[PDB]
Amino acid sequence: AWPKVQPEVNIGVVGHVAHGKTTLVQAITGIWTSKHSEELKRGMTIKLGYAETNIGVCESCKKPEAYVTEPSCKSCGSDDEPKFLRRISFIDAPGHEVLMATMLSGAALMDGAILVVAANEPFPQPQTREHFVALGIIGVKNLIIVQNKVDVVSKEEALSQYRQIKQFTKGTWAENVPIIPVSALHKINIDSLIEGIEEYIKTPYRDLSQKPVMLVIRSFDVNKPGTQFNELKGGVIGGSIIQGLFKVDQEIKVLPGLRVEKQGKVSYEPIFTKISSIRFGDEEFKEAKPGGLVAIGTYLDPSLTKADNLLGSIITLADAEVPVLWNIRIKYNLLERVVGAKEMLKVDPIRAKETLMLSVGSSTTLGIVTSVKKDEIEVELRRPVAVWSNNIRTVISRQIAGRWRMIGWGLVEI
C-alpha cells in the first residue's frame, strides 16, 4: 500500500481561456476542479480549482509508462507495487482575461507551474503571454510548458508551433523550460508529463521553524442539511501554508480579521480561534505543513467563514507579530506594455490619485496612490493587508479600457 500523506507540492496550471487547463488536471488526477454553479453553466473556471494525486514509479517498467498515479503497475506489465514518490496537488487557475486577479492570488501559492498552450490556436494568445509574464514576476520559475490539443492538429502544425514556443522563451528566464505535447481530452502522453513534473518541479526546501503562515483562499460553512447535531461544525478556512507548520489544538488568529465598527470608524479586529481539525482532501491529519491546500477546522461561528468571506486573509499563531497595514510603501517597477490586451499598448507612468489594484499574497485590494517617486509609491488602501515578512512581492494592476490590467510589480517595504 501507499502511505496517506498531505500533498508536498503545489503545481499551478495556467494559460489562455479554454486551452485545456482543467481537462489536463482531470487527465492527471481524475478530478474535475470546477465546483461552482456558474462554472458548470459557463464551462469555464472562475474560482481557483484544486485537485490532488499520489505519484509513484514502477521500478520494473520503462519510462515514461513507469510513472503512475495509483498503486498499480498492471498498465506497464508488472505485478509489482509501484514505489511511492510523493503526493502532489494542482492549483487550477482561471484563464479569462477578466479574472487575472484570481490567477495572481493562486500564483502566490504555486511551487511550480504548467503553462498550457493549445496547439490549435494562434500563439501567443493574450493570457498565454499574461500568465507567462505573471509567473516570471512572482518567481514561479519551475515551469513546464504543455502543448495541449495535439489530437486536432497535424504533426507539421504541432512542430511549427513547438518552434515558435521555443523562440518565445529564447532569451528569457524560461529559455530551457521543457515543452511536452499531450492530449488532455484523450489522455495521450500524460505519463511523459508526470515524468516531467518529477524532473522539473521538484519539491522545494521548506522552513518548518519559521513563524507559521497560511494564505487563505477559501472559507466555508461545512454544515449540510439532514445532519444531527453532534456532527455539526465550526467554520472551516482553506488555504496554503507557506512557512512553518500548524497543529490541531493550536491557538491561531486570522488577519486582518473581521470588519467591525470601533470609535466611529471602520476597523479590522483580529479573529482568534483554535484549530479543531486539519484535512487535506478527504483525509484528516494532526498537523499541516507547506504543500497542498489545507482545510483548517475552527470553533468559529460558520457565518464568519461562509462563502469565502475570509479570502485574502492570513492565518498565524495567536502570539505572532504580523503587520496589518492600511497604508503601504512599494518599491516598484513597471512593465513596458499591457501584455494581456489583444493589442499590447505602452504602460503609462503611475500618477498620484490613481486607483490601483494590489495583489499581495492571496489578497486583492484597491487603493489610491498618495505619493509617487521614481521607484517608490505610497498607497492608501480600502482594506488593510497582512504583510507577514519584509519584501513580500506585490503585483500592480490598473484599469485600462474597462479591464484590470497587470502593469507592474514591486516589494512591500516594511
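Sequential numbering from 1, following the sequence displayed.
- In this entry, 347-355 has the higher mean Cα B-factor, the comparison being between 50-58 and 347-355.
- When the C-alpha B-factors of 41-49 and 373-381 are averaged, 373-381 comes out higher.
- Of the candidates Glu199, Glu97, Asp151, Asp111, the deposited coordinates give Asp151 the top C-alpha B factor.
- Remark: of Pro126, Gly77, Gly312, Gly297, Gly77 shows the highest value [criterion: C-alpha B-factor in the PDB entry].
- Compared with the other modelled residues of the chain, the Cα B-factor recorded for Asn142 ranks in the lowest third.
- Sort the chain's modelled residues by C-alpha temperature factor and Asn390 lands in the highest third, per the entry.
- Per the deposited record, the Cα B-factor of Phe220 falls in the highest third when ranked against the other modelled residues of its chain.
- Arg398 sits in the middle third of its chain by CA B factor, as recorded in the PDB entry.
- Per-chain ranking of the deposited C-alpha B factor places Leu115 in the lowest third.
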